[PDB]
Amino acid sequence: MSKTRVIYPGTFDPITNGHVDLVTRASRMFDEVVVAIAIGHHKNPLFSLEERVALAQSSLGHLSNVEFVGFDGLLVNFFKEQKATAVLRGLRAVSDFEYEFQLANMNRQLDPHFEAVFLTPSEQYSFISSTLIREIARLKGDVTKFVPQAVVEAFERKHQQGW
């Protein structure tokens, strides 16, 4: 029996309670979990790579089997570099499901060793996404219930700097 290593890729812009839930659930089922934060070199995140990693390590660092790594390029190249057992994704909605099904098959064609496993969210997180959180915060709403406290504060320090 070998050691299992799953990658959880994402922009994590920012990390939410939903992502925390998934990573905790995955950490119980596999030997190593890598939170893989897509840099977004052409794709414009609100929070920088450094902010995103730090926000993630603050919510999940207490789990000893979870690593945190920024990446760019083709997910299958990252998959091979990392020697991963699988990629993990969460599935919140039908459109997620259909995109994810297509990506899994495309990746399996690029690399026959590729594998994708999916979790569905607990219902209390099923309505939460990074995009929507950004939108409420930007309009000065309160996102405390949907994100860790460190993310709450990070939104204030964006309001207060201008970047």
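Residue indices: 1-based, along the sequence shown.
K.L.:
I need to verify one thing: averaged over C-alpha atoms only, is the B-factor higher for 42-50 or for 22-30?
P.N.:
Result of the comparison: 42-50.
K.L.:
Tell me which stretch has the larger mean Cα B-factor in this entry, 112-120 or 90-98.
P.N.:
Of 90-98 and 112-120, the stretch with the higher C-alpha B-factor average is 90-98.
K.L.:
Splitting the chain's C-alpha B-factors into thirds, which one does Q149 fall into?
P.N.:
It belongs to the highest third of the chain when residues are ordered by C-alpha B-factor.
K.L.:
Against its chain's modelled residues, does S129's Cα B factor rank lowest, middle or highest third?
P.N.:
According to the entry, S129 has a C-alpha B-factor in the chain's highest third.
K.L.:
Using the B-factor values recorded in the entry, state whether the Cα atom of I37 falls in the lowest, middle or highest third among the modelled residues of its chain.
P.N.:
Tercile = lowest for this residue's CA B-factor.
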